[PDB]
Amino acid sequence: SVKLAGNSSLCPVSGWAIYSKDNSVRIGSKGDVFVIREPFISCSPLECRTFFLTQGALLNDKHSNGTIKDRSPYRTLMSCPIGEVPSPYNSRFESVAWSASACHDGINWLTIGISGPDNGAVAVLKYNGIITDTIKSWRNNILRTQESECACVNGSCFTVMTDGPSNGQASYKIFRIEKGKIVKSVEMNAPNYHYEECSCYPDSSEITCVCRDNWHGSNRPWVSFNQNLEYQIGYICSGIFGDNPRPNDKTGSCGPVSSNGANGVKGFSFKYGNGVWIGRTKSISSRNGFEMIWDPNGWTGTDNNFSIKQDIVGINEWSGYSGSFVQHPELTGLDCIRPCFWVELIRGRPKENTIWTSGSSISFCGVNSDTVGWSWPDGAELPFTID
């Protein structure tokens, strides 16, 4: 076992090849499948796993009732091999949590699971399944984290946490974690910024995060930092807005775009110089459809022109959260860090007439060979027998 170097650059990619699809909701109609949301993928040098927050209940059972609710004592972080349905029969228990992150440093798994009351939540850190540290809410207002994989470089793993209002200025901290122990942290000086649910990845020994502004930005905020946590901040400038909801594409801003800026959804983007691969919903007002857009100057440029668009989920189909995950050379045998991404396909409340809310997932990995756009939707027929 050797720790991930994380010192190579991102592999340039021309398109996205489908990597997995679990059909969780379709199968859960009869099978014993967890009610879940906020799934995400993360890989070790040996395997890739799907992490997810259960509602401590199964699909098509009465306990799935009211699962639109975000936080409860019953939610747990669990994981299974990528592409398999999240079942009590194939899932490893990770932590008790209604907000989470996880990543492998090359030696062991780090998991971060947040539970407890809204006014005093505690993040429990585990390394190889052993509790190694905790961090408690510092603003007493829903301590929350990535809902996707943390990022590791040379034995150090990094994550971002938020505490404070979801509709106004909050507090954002970056953490450096070694073998499950917080060895350093810093609060970001980001007046008028809002950071939630960051999708972070390593690139040339540094970390880049693309996050969610739930306050007043329809474009996505970003934060990048080195291992010493010296950071820079900004927003993606492209007029191809990345959040949901958002306005129709137009002239963008390198600051928060106020138009339709309230609320949002977890998302991601990959930076390549001045260019950016943007993953986003197809709808500007709802969580449906998904597409990947290559914008050669979208990181720093404000125009709404782009070069490549690839369909992932049809506009008439439900989508939801999305996030980045990477495959290190230690896993692939490549000389660069390969970008992949996952999409949560949310079914149920509030948009559908069920008693429950749950999601399935799909994932893709970046390649330079031929690819094709299509739609790989959830595919479940609602409502269910339970409703």
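Heads up: residue numbers just count along the shown sequence, starting at 1.
- When the C-alpha B-factors of 7 to 15 and 369 to 377 are averaged, 7 to 15 comes out higher.
- Look at the mean CA B-factor for 328 to 336 and for 358 to 366 in the entry; the higher one is 328 to 336.
- As recorded in the entry, 203 carries the highest CA temperature factor of 94, 213, 203, 149.
- Highest C-alpha temperature factor among 266, 309, 280, 104, as the PDB entry reports it: 309.
- Sort the chain's modelled residues by C-alpha temperature factor and residue 352 lands in the highest third, per the entry.
- Split the chain's modelled residues into thirds by C-alpha temperature factor. Residue 63 is in the middle one.
- Among all modelled residues in this chain, the alpha-carbon of residue 32 has a temperature factor (C-alpha) in the middle third.
- Sort the modelled residues of the chain by CA B factor and residue 315 lands in the highest third.
- Ranked within its chain, residue 128 lands in the highest third, by CA B factor from the PDB record.
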